[PDB]
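These notes are about the structure you will find just below.
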Amino acid sequence: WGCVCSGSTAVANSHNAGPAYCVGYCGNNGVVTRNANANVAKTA
């Protein structure tokens, strides 16, 4: 189960995806962050 969110846990699981899929919820923090997120899921 690889699901990350750039806010809270309630929203993190709200979207989710799966152990086979990788999702990285980003915002207006920076391009780097948008990548770090997907990095935590893609690996999860």
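Numbering starts fresh at 1 for the residues of each chain in the structure tokens, the chains themselves are lettered A, B, ... in the order given, and ligands are numbered from 1 as they appear.
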### Query
What's the 12 Å shell around residue A:43, counting only C-alpha atoms, without same-chain residues fewer than 3 positions away, as number ranges by chain?
A: 1-4, 18-24, 36-40
### Task
Enumerate the residues of chain A with a DSSP assignment of helix (DSSP H, G or I), computed from the backbone, and present them as a ChimeraX atom specification.
/A:9-15,31-43
